[PDB]
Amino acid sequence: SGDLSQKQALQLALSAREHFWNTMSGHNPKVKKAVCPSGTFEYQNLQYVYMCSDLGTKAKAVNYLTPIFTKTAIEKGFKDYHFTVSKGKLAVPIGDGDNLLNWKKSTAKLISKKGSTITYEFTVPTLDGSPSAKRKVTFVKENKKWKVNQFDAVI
């Protein structure tokens, strides 16, 4: 209830990872038969591609992220990663990433409880055997749920 266990924190972190990756990627793979508009445009000296239809509008993306990220985290995430709306469609800049952090095999150490927030430090083994990564994740109670307070806390 008023607590979040190590086990629960990892399950929430894995959901945040999937939502961040899918939103940056423009598509939730489990929504089948979505259509993905092709074509690019330039905006703010960045090259953009369109979200697929399942995340095709800001409203669709907000609803996708609401269960796992706080309201502030969602708004700041759109800003930090330069999402834009063009011709009524949500769009994201091109770019690259990798998934070297093996979050599913991580361990979580409690660091802090303050107010309605709990902070865990995760020790995350890597796919290439580089030193296990330290990643802090802060969870905030919002609308009766524990939610991650940074869009990019789990990558």
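Each residue number is its position in the shown sequence, starting from 1.
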Which of the two stretches, 54-62 or 25-33, shows the higher mean Cα temperature factor in the record? 25-33
Test of understanding: from the entry's C-alpha B-factors, which stretch has the higher mean, 104-112 or 91-99? 104-112
In terms of the chain's CA B-factor thirds, is residue 38 lowest, middle or highest? highest
Using the B-factor values recorded in the entry, state whether the Cα atom of residue 132 falls in the lowest, middle or highest third among the modelled residues of its chain. lowest
The third of the chain into which the C-alpha temperature factor of residue 15 falls is the lowest
Which third, lowest, middle or highest, does the CA B-factor of residue 70 fall in along this chain? highest
Which third of the chain holds residue 154 when residues are ordered by C-alpha B factor: lowest, middle or highest? lowest
